[PDB]
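Okay, so we've got a single protein chain in two different forms coming up as C-alpha cells, structure 1 first and structure 2 after it.
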Structure 1
C-alpha cells in the first residue's frame, strides 16, 4: 500500500483578522485597508497647488498690498496658512464663508478692468492703514470714491453684460467712525449704496460709529458681491460711501477648491491631498482626516482594518 496526504501550507507567524463567525482568526497573510499616515507634505502634482503664504483667499481677491503676487492667479487647490494675516483698511464680509466658497470653486482671480465712469467724485482714495510702497494706498481691485470739491452727486452707472460668461463684481460700503467724517469725506448725512440687476437688488445703509481700533482705524468697510449673467445689466446707485468695483472677476466652473493647512509643498506626485499632507490612495479607507481633496480613500473612524489575503494559518505544532 501507500499513503497520499492532502493539505495546505502554513506559515511560522500569521496574522489575525475578524470574520462574521470569529472575532480573531489567524490567517497566513492579511493586508491593511486603512491609510493611517501622511508624508507631512503636500505634493505639487498632478494638481495645481497655490500656496497663499501670508494671504487668505479674500485678501488676494480684494487686493491687499501683500497679496499683489496673486493677481490673475489660478489654482486647483488654494492653500491657506495659519500665519496668514491682513494688513489693509479693516473690513468685514457679511456671509464671508459664501464669498470664500464662490471664489475657491471658480478657481481664478482673473480680473478685467472695466470703464466705469464716476463723475463729480474723487477717485482712488487710500489710507495709511494700507500702505503701498512708501505712501498710502488701498485694495487694488476697489475704488474708494469721495467728494469732489464741495459736492458728491448721486452716482448712477450702467455696465451691461454683453459677453458669454458670468461676471463677478466685488464692491463695498464704507462705515465712518463719526458724523464729522461722513460729511467731510463724502458730504452726506445719510448715505446709501444700491447695486442691482434685472433679477435682484441689494441696498446697504452705512452705520456710523467707533469700532475697536484696528491698525489705527476705528472705521470699517463692508464687502458685498453680485453676479451678472449674460444679457443682464449691472446698475450702481449711490449718494455716498461707495467703494466701487474697478471691473469684474471672470467666473468659471470646475474642480477647484480651498484647504487650510500648515503642511509644506514639495516636488512629488499624489492625487489625494489632506491638511496633514498628501497620502497614498491605494487603500479604500483612510483615517488621516475628514478634509480631503482629489482621488481620496473614504474617511473612517477605524485606525486599522485587516483583510485576509489567504487561508487560515494552522501551525504544525
Structure 2
C-alpha cells in the first residue's frame, strides 16, 4: 500500500502588511513591523520615579534667585526642572552674560541645598528690594542675594575671606549692577566706575559695569549681571569690591550627580515613567523616536525619519490569487 502525498513547507502571511525599507530596494512590505519610531505623546509630565520640580509661573534661574511669587522652591532637591512657556520675571529684569553655562551648571548640580554663612560685611546696609517684586502690598526682592548699597555717606572697600576647611565644593552666585544714567550709579554707590574683584588661588575675575539708557521692561531700564565662583577643597576665596555690589548670603552646595533641565508646557500628572521628552513624556520601549531632540533620562535619541519599522517578521506575500 503506497501513495503519493506532500509535505509542502512555507510560511505565514497576513493581508494587513506594513511597508518597510531594504538596502537593495526602496519600499517593500512585511508580515509584522514594530515602529522603532516614537512620534506619539501622551502629553502628561509624571513625577515618578524621578523627582520632578515643576514651576507655575517660575523659571530655574529665578527659582534659585527666589522670585517673590515662587517661594515654594526653598531647598526642594530635584531631578528635572520643567520651565513653563507662559513664564514672566517680575523681579528686576536682568542680563546675565554667558547664560547657557550658568543654567547648565546649576541644572547639573541637582539640588538647591542652601546654607547661610556668617559674612562680616562692614559699612554696608544689606536687604534692598524693588517694587515690581511683590508678595502683596509693599515691596519685595529676590530671596537669596543681598542688594548691597551705601550707608551714611560713604562706601568702604570690602575684604571678606571664607576658609573652606570642609570636604565639599562651594558655589557663590553674586552679581553686579548696571545702572541707566550716571545719577543712578552715583546715588546708590559713591563710585563713578565701580570695580568688583573675585579671587581664588587659581584664577581671578574683574568686571567693570556699563552705563547707558535702555528700553523699559516693567519700569526703570536698568539690569543686573550675574557672575559666579567655585571653591575647591582647601581653597580660600577673597571678595574685593569698590562698588556695584550684589554679594551673596550663602554658598550653594554642589553635587556630582544626575540632573537635567527642559522646556515644555505640559502639566503635571501621576505615573511611573522614566523618560521625559518635551511636548509629551513618552515611554521607552523602542530604540528611536521623532519627538523633540531635548531628552532627560535613559530613553532614545532623535532620528529624522518617520517610519523606520524594523521587521520583526518575514517578507509579505499577499494571498495570490482570488
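Residue numbers count along the first chain shown, from 1. Between two forms, the rigid core is defined as the largest C-alpha subset superposing within 1.5 Å.
Taking the rigid core as fixed, one finds a CA shift for residue 60 smaller than 2 Å between the two structures. Comparing the forms between the two structures, the C-alpha position of residue 100 differs by less than 2 angstroms, with the core used for superposition.
Residue 51 is not among the residues whose C-alpha shifts by 2 Å or more between the two structures once the rigid core is aligned; its shift stays under 2 Å.
For residue 164, the Cα shift between the two structures is 0.8 Å when the rigid core is held fixed in the overlay. Lined up on the core, residue 277 has its CA atom moved by 2.2 Å between the two structures. Core superposition gives residue 210 a CA displacement of 1.5 Å between the two structures.
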